[PDB]
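What follows is one structure encoded as structure tokens, with my remarks underneath.
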Amino acid sequence: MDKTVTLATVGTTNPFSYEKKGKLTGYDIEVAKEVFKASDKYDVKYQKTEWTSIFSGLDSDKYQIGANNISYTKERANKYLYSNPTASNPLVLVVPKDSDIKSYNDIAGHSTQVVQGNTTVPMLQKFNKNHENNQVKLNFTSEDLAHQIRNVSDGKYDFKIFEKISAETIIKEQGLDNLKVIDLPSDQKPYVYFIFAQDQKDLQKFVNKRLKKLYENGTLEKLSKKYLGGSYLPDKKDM
Ligand SMILES: [Cl-]
Ligand SMILES: [Cl-]
Ligand SMILES: [Cl-]
Ligand SMILES: [Cl-]
Ligand SMILES: [Cl-]
């Protein structure tokens, strides 16, 4: 029978990866489904799992693909293969409207929630090394992004840093009308990607060939508009 490929996701990051009526959908998922439509070789299983388990399962080859609004880092690239980028998604600071927090450095001394292993953690840890007398209070949580965004709306925490597309989507869909988003600097292009277990070179090649085809023929843009709510593709030369 066809080779079973398991794609691992968290499924709590609307609109990249989430459930509708119990079924997994969102840009990462629907892109993967479109990629794999044109294969006789691979049958994909889409599996919801814990964030940390995506990575440990890729390490053990329990899983072959990871997808959940995943950024490039050198630490991850040391262990996993990356696809070509699938979207560009810059960071924002989510704060109550009219907060004192107006620019990145204003977070100094304020409290936020973070989830271990996400890229904002080392970002904020670096910030604290630079502002050691007025550090951000980091509260590690196991709760999901919408939960954390609502906690800022309710005043339990002062701000949340996350990608714009999910921040905006959640604030709109959950009617959190007392929040706003502030654009933050990007150190590098803020791309997101599929990742793969390190031994899955042929799979990576297949996915990349498909992404180039889908980019060129307009399908990827169609999916970005449909699931992300706008045209957020990476730059052509980066494909
Ligand atoms: Cl669920
Ligand atoms: Cl088939
Ligand atoms: Cl099939
Ligand atoms: Cl919740
Ligand atoms: Cl405040």
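Order determines the names: the first chain of the structure tokens is A, the second B, and so forth; residues in each chain are numbered 1 upward, and ligands are numbered 1 upward as they are shown.
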
* To do: Give the residue list for ligand 2 at 10 Å, counting only C-alpha atoms and all ligand atoms, as a list in words, sorted by chain and then by residue number.
  =>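 The distance check yields residues 1, 2, 3, 36, 37, 38, 39, 40, 41, 42 and 43 of chain A.
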
Could you write out that same residue set with N, CA and C atoms as a compact mmCIF listing (two decimals), in the first residue's frame?
```txt
# COMPACT_ATOMS: atom_id res chain seq x y z
N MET A 1 0.86 -1.23 0.00
CA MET A 1 0.00 0.00 0.00
C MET A 1 0.88 1.25 0.00
N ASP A 2 0.28 2.39 -0.31
CA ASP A 2 1.05 3.61 -0.40
C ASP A 2 1.75 3.85 0.95
N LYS A 3 2.86 4.57 0.88
CA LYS A 3 3.58 4.98 2.07
C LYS A 3 2.71 5.94 2.88
N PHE A 36 -0.37 17.23 -1.75
CA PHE A 36 -0.43 15.78 -1.82
C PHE A 36 -1.54 15.21 -2.74
N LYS A 37 -2.41 16.06 -3.26
CA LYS A 37 -3.41 15.61 -4.25
C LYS A 37 -2.74 14.97 -5.43
N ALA A 38 -1.55 15.44 -5.82
CA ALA A 38 -0.93 14.99 -7.05
C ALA A 38 0.07 13.88 -6.83
N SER A 39 -0.13 13.05 -5.82
CA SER A 39 0.81 11.98 -5.52
C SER A 39 0.12 10.65 -5.55
N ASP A 40 0.71 9.66 -6.22
CA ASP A 40 0.32 8.25 -6.13
C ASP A 40 1.09 7.50 -5.05
N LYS A 41 2.08 8.12 -4.45
CA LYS A 41 3.05 7.45 -3.59
C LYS A 41 2.73 7.64 -2.14
N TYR A 42 2.35 8.87 -1.78
CA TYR A 42 2.15 9.19 -0.36
C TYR A 42 0.66 9.32 0.00
N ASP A 43 0.26 8.67 1.08
CA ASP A 43 -1.05 8.89 1.69
C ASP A 43 -0.80 9.56 3.03
```

Sorted by chain and rising residue number, which residues of chain A lie within 7 Å of ligand 4, and what are their closest atom pairs and distances in Å to one decimal, counting only C-alpha atoms and all ligand atoms, as CSV?
```
residue,atom,partner,partner_atom_place_in_ligand_line,distance
A:143,CA,ligand 4,1 (Cl),6.2
A:144,CA,ligand 4,1 (Cl),5.9
A:146,CA,ligand 4,1 (Cl),6.9
A:147,CA,ligand 4,1 (Cl),4.8
```

Could you dump the residues just selected with N, CA, C and O atoms as a short mmCIF file (atom, residue, chain, number, x, y, z; two decimals), in the first residue's frame?
```
data_model
loop_
_atom_site.label_atom_id
_atom_site.label_comp_id
_atom_site.auth_asym_id
_atom_site.auth_seq_id
_atom_site.Cartn_x
_atom_site.Cartn_y
_atom_site.Cartn_z
N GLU A 143 -1.57 27.15 27.81
CA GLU A 143 -2.84 27.50 27.22
C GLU A 143 -2.68 28.07 25.81
O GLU A 143 -1.60 28.51 25.44
N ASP A 144 -3.76 28.02 25.05
CA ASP A 144 -3.61 28.32 23.63
C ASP A 144 -3.64 29.82 23.34
O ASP A 144 -3.86 30.64 24.22
N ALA A 146 -5.50 31.90 21.53
CA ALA A 146 -6.71 32.70 21.73
C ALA A 146 -6.93 32.97 23.22
O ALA A 146 -7.38 34.03 23.59
N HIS A 147 -6.64 31.98 24.06
CA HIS A 147 -6.79 32.08 25.51
C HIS A 147 -5.88 33.24 25.99
O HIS A 147 -6.27 34.03 26.85
#
```

* Which residues, written as a list in words, have at least one atom at most 8 Å from range 199-216 of chain A, with only C-alpha atoms counted and residues fewer than 4 positions away on the same chain left out? -> residues 35, 36, 64, 81, 82, 83, 84, 86, 220, 221 and 239 of chain A

Residues just named, written with N, CA and C atoms as a short mmCIF file (atom, residue, chain, number, x, y, z; two decimals), in the first residue's frame:
```cif
data_model
loop_
_atom_site.label_atom_id
_atom_site.label_comp_id
_atom_site.auth_asym_id
_atom_site.auth_seq_id
_atom_site.Cartn_x
_atom_site.Cartn_y
_atom_site.Cartn_z
N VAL A 35 -0.90 20.02 -1.98
CA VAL A 35 0.37 19.42 -2.39
C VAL A 35 0.22 17.92 -2.68
N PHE A 36 -0.37 17.23 -1.75
CA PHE A 36 -0.43 15.78 -1.82
C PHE A 36 -1.54 15.21 -2.74
N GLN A 64 6.58 12.58 10.03
CA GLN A 64 7.42 12.94 8.89
C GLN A 64 7.39 14.43 8.53
N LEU A 81 14.59 19.15 8.31
CA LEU A 81 14.57 19.77 6.99
C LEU A 81 13.43 20.81 6.90
N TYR A 82 13.68 21.87 6.14
CA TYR A 82 12.70 22.92 5.85
C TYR A 82 12.23 22.85 4.38
N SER A 83 10.95 23.04 4.15
CA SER A 83 10.47 23.28 2.81
C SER A 83 10.81 24.71 2.37
N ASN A 84 10.47 25.02 1.12
CA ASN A 84 10.44 26.40 0.71
C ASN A 84 9.32 27.08 1.49
N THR A 86 6.07 29.04 2.75
CA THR A 86 4.69 29.03 2.28
C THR A 86 3.91 30.32 2.55
N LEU A 220 -1.49 28.68 -4.80
CA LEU A 220 -1.05 29.04 -3.48
C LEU A 220 -1.67 30.38 -3.05
N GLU A 221 -1.72 31.31 -4.01
CA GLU A 221 -2.35 32.60 -3.71
C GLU A 221 -3.84 32.42 -3.39
N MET A 239 11.31 31.33 -3.69
CA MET A 239 10.64 30.06 -3.94
C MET A 239 11.48 29.14 -4.83
#
```

* Structure fact -> Counting only C-alpha atoms, the residue among A:178, A:133, A:52, A:151 that lies closest to residue 10 in chain A is A:52

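Comparing the minimum interatomic distances between ligand 5 and each of A:152, A:145, A:138, A:44, counting only C-alpha atoms and all ligand atoms, we find that A:152 sits nearest.
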
* **Long-range neighbours of range 159-169 of chain A as a PyMOL selection string, 8 Å cut-off, only C-alpha atoms, 5 positions minimum in chain** => chain A and resi 13-16+89-96+107+110-113+120+148-149+152+181+183+228

Using N, CA and C atoms, can you write the selected residues to a file as a PDB file, in the first residue's frame?
```
ATOM      1  N   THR A  13      -4.107  27.191  16.255  1.00  0.00           N
ATOM      2  CA  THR A  13      -3.544  28.429  15.757  1.00  0.00           C
ATOM      3  C   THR A  13      -4.290  28.916  14.508  1.00  0.00           C
ATOM      4  N   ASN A  14      -5.484  29.389  14.724  1.00  0.00           N
ATOM      5  CA  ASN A  14      -6.300  29.894  13.627  1.00  0.00           C
ATOM      6  C   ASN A  14      -5.598  31.104  13.032  1.00  0.00           C
ATOM      7  N   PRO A  15      -5.475  31.202  11.694  1.00  0.00           N
ATOM      8  CA  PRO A  15      -6.049  30.379  10.629  1.00  0.00           C
ATOM      9  C   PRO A  15      -5.084  29.426   9.949  1.00  0.00           C
ATOM     10  N   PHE A  16      -3.944  29.142  10.578  1.00  0.00           N
ATOM     11  CA  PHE A  16      -2.973  28.227   9.997  1.00  0.00           C
ATOM     12  C   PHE A  16      -3.342  26.780  10.204  1.00  0.00           C
ATOM     13  N   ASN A  89       4.573  36.289   7.463  1.00  0.00           N
ATOM     14  CA  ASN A  89       3.696  36.561   8.575  1.00  0.00           C
ATOM     15  C   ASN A  89       4.425  37.321   9.667  1.00  0.00           C
ATOM     16  N   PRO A  90       4.432  38.675   9.579  1.00  0.00           N
ATOM     17  CA  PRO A  90       5.260  39.411  10.502  1.00  0.00           C
ATOM     18  C   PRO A  90       4.678  39.517  11.892  1.00  0.00           C
ATOM     19  N   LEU A  91       5.530  39.874  12.857  1.00  0.00           N
ATOM     20  CA  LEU A  91       5.090  39.940  14.220  1.00  0.00           C
ATOM     21  C   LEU A  91       4.397  41.229  14.557  1.00  0.00           C
ATOM     22  N   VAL A  92       3.495  41.113  15.508  1.00  0.00           N
ATOM     23  CA  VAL A  92       2.845  42.270  16.140  1.00  0.00           C
ATOM     24  C   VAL A  92       2.833  42.136  17.679  1.00  0.00           C
ATOM     25  N   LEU A  93       2.673  43.283  18.326  1.00  0.00           N
ATOM     26  CA  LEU A  93       2.434  43.413  19.707  1.00  0.00           C
ATOM     27  C   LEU A  93       0.932  43.637  19.864  1.00  0.00           C
ATOM     28  N   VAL A  94       0.268  42.781  20.617  1.00  0.00           N
ATOM     29  CA  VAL A  94      -1.132  42.896  20.920  1.00  0.00           C
ATOM     30  C   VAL A  94      -1.260  43.515  22.319  1.00  0.00           C
ATOM     31  N   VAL A  95      -1.956  44.635  22.388  1.00  0.00           N
ATOM     32  CA  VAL A  95      -2.138  45.393  23.618  1.00  0.00           C
ATOM     33  C   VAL A  95      -3.524  45.996  23.614  1.00  0.00           C
ATOM     34  N   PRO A  96      -4.012  46.363  24.806  1.00  0.00           N
ATOM     35  CA  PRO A  96      -5.264  47.108  24.867  1.00  0.00           C
ATOM     36  C   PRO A  96      -5.136  48.405  24.104  1.00  0.00           C
ATOM     37  N   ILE A 107       7.614  47.382  26.357  1.00  0.00           N
ATOM     38  CA  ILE A 107       7.187  46.178  27.045  1.00  0.00           C
ATOM     39  C   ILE A 107       7.977  46.006  28.323  1.00  0.00           C
ATOM     40  N   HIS A 110       6.641  44.926  31.933  1.00  0.00           N
ATOM     41  CA  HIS A 110       5.293  44.428  31.803  1.00  0.00           C
ATOM     42  C   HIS A 110       5.252  42.872  31.760  1.00  0.00           C
ATOM     43  N   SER A 111       4.054  42.336  31.870  1.00  0.00           N
ATOM     44  CA  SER A 111       3.888  40.895  31.978  1.00  0.00           C
ATOM     45  C   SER A 111       3.241  40.348  30.710  1.00  0.00           C
ATOM     46  N   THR A 112       3.686  39.142  30.333  1.00  0.00           N
ATOM     47  CA  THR A 112       3.184  38.464  29.157  1.00  0.00           C
ATOM     48  C   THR A 112       3.189  36.969  29.421  1.00  0.00           C
ATOM     49  N   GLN A 113       2.439  36.258  28.605  1.00  0.00           N
ATOM     50  CA  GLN A 113       2.421  34.816  28.587  1.00  0.00           C
ATOM     51  C   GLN A 113       3.195  34.331  27.371  1.00  0.00           C
ATOM     52  N   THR A 120       9.062  33.458  20.141  1.00  0.00           N
ATOM     53  CA  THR A 120       9.002  34.672  20.967  1.00  0.00           C
ATOM     54  C   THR A 120       9.698  34.463  22.308  1.00  0.00           C
ATOM     55  N   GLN A 148      -4.658  33.287  25.475  1.00  0.00           N
ATOM     56  CA  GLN A 148      -3.700  34.269  25.925  1.00  0.00           C
ATOM     57  C   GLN A 148      -4.114  35.649  25.440  1.00  0.00           C
ATOM     58  N   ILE A 149      -4.609  35.737  24.208  1.00  0.00           N
ATOM     59  CA  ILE A 149      -5.068  37.010  23.678  1.00  0.00           C
ATOM     60  C   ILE A 149      -6.273  37.538  24.466  1.00  0.00           C
ATOM     61  N   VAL A 152      -5.208  39.120  27.696  1.00  0.00           N
ATOM     62  CA  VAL A 152      -4.747  40.516  27.586  1.00  0.00           C
ATOM     63  C   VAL A 152      -5.994  41.429  27.571  1.00  0.00           C
ATOM     64  N   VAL A 181      -3.343  45.916  17.457  1.00  0.00           N
ATOM     65  CA  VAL A 181      -2.070  45.371  17.102  1.00  0.00           C
ATOM     66  C   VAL A 181      -1.124  46.480  16.648  1.00  0.00           C
ATOM     67  N   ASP A 183       2.614  46.850  14.731  1.00  0.00           N
ATOM     68  CA  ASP A 183       3.648  46.171  13.945  1.00  0.00           C
ATOM     69  C   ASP A 183       5.001  46.318  14.581  1.00  0.00           C
ATOM     70  N   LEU A 228      -6.069  32.473   4.822  1.00  0.00           N
ATOM     71  CA  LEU A 228      -5.394  33.528   5.568  1.00  0.00           C
ATOM     72  C   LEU A 228      -6.093  34.880   5.536  1.00  0.00           C
TER      73      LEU A 228
END
```

Test item: residues no farther than 8 Å from ligand 5, counting only C-alpha atoms and all ligand atoms, as a short mmCIF file (atom, residue, chain, number, x, y, z; two decimals) with N, CA and C atoms, in the first residue's frame:
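As written to disk, part35.cif reads:
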```
data_model
loop_
_atom_site.label_atom_id
_atom_site.label_comp_id
_atom_site.auth_asym_id
_atom_site.auth_seq_id
_atom_site.Cartn_x
_atom_site.Cartn_y
_atom_site.Cartn_z
N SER A 99 -3.10 51.60 25.28
CA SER A 99 -2.11 51.24 26.29
C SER A 99 -0.94 52.22 26.26
N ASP A 100 -0.17 52.30 27.37
CA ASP A 100 1.19 52.92 27.37
C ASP A 100 2.18 52.19 26.47
N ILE A 101 1.83 50.98 26.06
CA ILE A 101 2.77 50.21 25.28
C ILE A 101 2.55 50.57 23.81
N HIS A 110 6.64 44.93 31.93
CA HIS A 110 5.29 44.43 31.80
C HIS A 110 5.25 42.87 31.76
N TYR A 157 -2.88 39.92 31.77
CA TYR A 157 -1.51 40.12 31.33
C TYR A 157 -1.51 41.36 30.47
N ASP A 158 -0.35 41.98 30.27
CA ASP A 158 -0.31 43.30 29.69
C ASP A 158 -0.20 43.37 28.16
N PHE A 159 0.42 42.36 27.56
CA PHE A 159 0.61 42.35 26.12
C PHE A 159 0.83 40.92 25.67
#
```

Counting only C-alpha atoms and all ligand atoms, which residues of chain A sit at most 10 Å from some atom of ligand 1, and what is each one's closest atom pair with its distance in Å to one decimal, listed by chain and rising residue number, as a tab-separated table?
```
residue	atom	partner	partner_atom_place_in_ligand_line	distance
A:10	CA	ligand 1	1 (Cl)	9.2
A:11	CA	ligand 1	1 (Cl)	7.6
A:12	CA	ligand 1	1 (Cl)	8.3
A:18	CA	ligand 1	1 (Cl)	8.6
A:19	CA	ligand 1	1 (Cl)	7.1
A:20	CA	ligand 1	1 (Cl)	9.8
A:21	CA	ligand 1	1 (Cl)	9.8
A:22	CA	ligand 1	1 (Cl)	6.7
A:23	CA	ligand 1	1 (Cl)	8.6
A:24	CA	ligand 1	1 (Cl)	8.9
A:48	CA	ligand 1	1 (Cl)	7.7
A:49	CA	ligand 1	1 (Cl)	9.4
```

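Here CA of residue 222 in chain A and CA of residue 65 in chain A stand 22.7 Å from one another.
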
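Here CA of residue 103 in chain A and CA of residue 230 in chain A stand 25.4 Å from one another.
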
* Asked: From the set A:62, A:137, A:45, A:79, which residue has the shortest atom-to-atom contact distance to ligand 3, counting only C-alpha atoms and all ligand atoms?
  ->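 Result for the nearest residue to ligand 3: A:45.
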
* Could you pull out all residues of range 97-175 of chain A with a DSSP call of helix (DSSP H, G or I) and give them as number ranges by chain? -> A: 104-107, 120-130, 145-153, 164-173

* strand (DSSP E) per DSSP on the backbone: members of range 28-228 of chain A, as a PyMOL selection string -> chain A and resi 42-48+65-71+81-82+87-88+91-96+111-114+137-140+160-163+179-183+191-196
